[PDB]
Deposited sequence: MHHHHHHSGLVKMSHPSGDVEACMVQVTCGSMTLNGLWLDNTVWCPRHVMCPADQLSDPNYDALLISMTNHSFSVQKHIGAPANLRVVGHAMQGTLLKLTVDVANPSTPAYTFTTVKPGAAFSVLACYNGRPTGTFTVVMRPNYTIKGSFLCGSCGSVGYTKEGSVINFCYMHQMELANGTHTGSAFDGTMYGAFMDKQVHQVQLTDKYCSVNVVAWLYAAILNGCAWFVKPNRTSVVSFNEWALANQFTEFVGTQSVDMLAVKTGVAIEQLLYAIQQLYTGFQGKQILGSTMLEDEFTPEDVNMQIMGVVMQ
């Protein structure tokens, strides 16, 4: 049996119209064009002979307006350049006539968002990730993908949340929000950086366990219950996030008649072992599906 759950990305058309190629002469990557502004990673200024110990303050001052070349696949003339954290804020003489209604917002661990992977300013693929507890993502990026963006949708509004920056030693990825900061303690310098331990997203595992009940799978549901407090205390010594309920999870407890605490108890049992059984055709806990994904794809309820 199939759960009816796939990794669902938002449609990318609105964002595709906002991608440009930006280059300083050394590195080439992608930028986000909205109104008279183009956002892109700041290591576009870096020479390849300094990606490990660059001084962006000094590189920026060495830049003038015509040090930046912005192209769409037209040519946009840069009339103003500024640095905000790990991003550049270039100003162009032409506003993107296809600019969507948009906002900038930070994504939190567990939540999902859609990524548009681009190269040379040309969109090449879209996928969806969940922000990991250690503020990385398990994406699919190669060289020249920096500036590829990540976004959630609320109605006709694009909430931009992620501009790709770099890959870590373990194959995962991370980038900056559009306020300038990197997620987690990372720095956009090509050196060894300590990575924090990842954790199972407790809320997303509950959403998954609910998704299994909505498909007729509920062998794990025992009448026993574990309080959120007792679960969170347990979660800290077991590499689980701490659980925080929502209306989206509450709606999933109403439809199934299964209490959140019954499933918290279930997660404690399953963590020690599935006892050879399968859940949605899996023998390990899944935490890459949000309550919203389950509500949307299975119950048809967007909120």
Missing C-alpha runs, given along the deposited sequence, first residue counted as 1: 1 to 5, 79 to 82, 313
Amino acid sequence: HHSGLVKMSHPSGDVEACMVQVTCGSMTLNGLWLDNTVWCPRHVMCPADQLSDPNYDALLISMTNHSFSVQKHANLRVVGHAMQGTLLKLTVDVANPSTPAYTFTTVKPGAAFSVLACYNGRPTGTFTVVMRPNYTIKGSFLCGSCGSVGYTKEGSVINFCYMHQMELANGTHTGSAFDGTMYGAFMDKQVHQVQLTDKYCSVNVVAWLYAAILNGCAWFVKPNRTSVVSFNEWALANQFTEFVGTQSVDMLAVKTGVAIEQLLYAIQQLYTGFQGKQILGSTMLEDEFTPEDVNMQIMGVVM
From here on, numbers count along this sequence of modelled residues.
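So that the term is clear: the rigid core is the largest set of C-alpha atoms that superpose within 1.5 Å between two forms.
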More shifted region, core-based fit in 8 other deposited structures of this protein, 22 to 30 vs 257 to 265 by CA: 22 to 30
RMS CA shift, core-fitted in 8 other deposited structures of this protein, bigger for 184 to 192 or for 80 to 88: 184 to 192
Unmodelled in at least a third of other entries of this protein, residue 74: yes
31 to 39 versus 264 to 272 - greater average Cα B-factor per the deposited record: 264 to 272
Entry-level comparison of average CA B-factors, 195 to 203 and 135 to 143, reporting the higher stretch: 195 to 203
Within-chain third of residue 299 by Cα B-factor, per the entry: middle
Entry-reported Cα temperature factor of residue 13, expressed as the chain third it lands in: lowest
Third of chain Cα B-factors occupied by residue 80: middle
Chain third (lowest, middle, highest) by recorded CA B-factor, residue given as residue 179: lowest
Residue 225 - Cα temperature factor, lowest/middle/highest third of chain: highest
